[PDB]
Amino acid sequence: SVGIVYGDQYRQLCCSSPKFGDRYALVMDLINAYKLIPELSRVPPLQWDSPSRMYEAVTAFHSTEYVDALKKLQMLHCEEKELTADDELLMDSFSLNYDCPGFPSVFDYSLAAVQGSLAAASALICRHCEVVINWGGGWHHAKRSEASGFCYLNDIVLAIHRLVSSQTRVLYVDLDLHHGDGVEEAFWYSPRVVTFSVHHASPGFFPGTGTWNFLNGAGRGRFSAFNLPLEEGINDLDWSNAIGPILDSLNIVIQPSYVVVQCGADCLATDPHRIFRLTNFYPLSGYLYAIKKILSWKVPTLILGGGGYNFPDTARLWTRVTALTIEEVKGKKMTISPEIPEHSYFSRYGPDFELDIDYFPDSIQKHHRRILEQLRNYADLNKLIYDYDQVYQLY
């Protein structure tokens, strides 16, 4: 069973932010336009018995003072009440400013992603679903006491905490254009959550981490945080060859109980960032290559969204990821028309109204040797036994 998180209230909240507007509606409506919803099990967002239960859940990671501030920000924006100088200073102390400003539903909006991803984790734990998709989740930058990169609450960290707290190891794979710093930091000292981010890094590029400083964890979590920074311009094939052996080696050595994949769509060639040149093509899209490989491991998996600022092309990609997941999990052939079906947001898919995006297409060897060494160090530190040459052969 492949699950997907949605709901009427969830849709309105996921569409209430100024930065991401109606992206989630385009995504879910295109999935619906392609007749995928009857193939999927709807997973409703988690709700709580009381304010105290909600607060307990969110402060499993975030600080009480930060959650207090995020609630107050919504309350202030809920009225005409412009912030006092003291309130501005309070918000600044949590980076609830500039790129992460307040809006009338900022706490409800960020809490909704947490509700969705926690529900997804529970459905995996109870084995109701083999894979769960949450295209309203994936906010990998939020820190314990700091908003960052349009992320206010870290739904990923809270979902992973629910998985490991259910011997359990989690592999987190972050495919976003940006380094998954918030998730990496949360599990820096934890050997049982191994994090792996592939991303662009360059001077002045957000958030700045995930590159040479390589730090890789600390304490009992030493060697447990993996990173592969790539230069601008990389295409589907080169990105696939860069991460492919790393993914397979992580699965062999870690033997994870769960995999959590952040599938931010800002690596697409048509994203306004214009840094990587990945596609959604399925003849092959780097995203689909990676997701297909992860799903072949037959490990219960959470697939999350993230970045993606070209909303129709994000919808194009995530619709294909959803169909691929159905096909790989259920063994059911999926046939998506190359033409965008008529539906509410059909006019947004100009100019050609095709499902393919409108695009025409040894430093990594050193990184591979470095990561192989780090994997061996992780395995030694943690008394894990693994076929050294079967893993080296992957590269």
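Residue numbers here begin at 1 and follow the sequence given.
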| property | result |
| --- | --- |
| Missing from the model but present in the deposited sequence, between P361 and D362 | 4 to 9 |
| Between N213 and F214 - deposited residues without coordinates, as a size class | 4 to 9 |
| Per the entry, higher mean C-alpha B factor between 45-53 and 346-354 | 346-354 |
| Average Cα temperature factor in the PDB entry - higher stretch of 69-77, 300-308 | 69-77 |
| Top residue by Cα temperature factor, when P207, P229, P101, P256 are compared in the entry | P101 |
| Within-chain third of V391 by Cα B-factor, per the entry | highest |
| Lowest, middle or highest third - CA B-factor, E88 | highest |
| Third of chain Cα B-factors occupied by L36 | middle |
| Chain third (lowest, middle, highest) by recorded CA B-factor, residue given as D181 | lowest |
| Third of chain Cα B-factors occupied by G137 | middle |
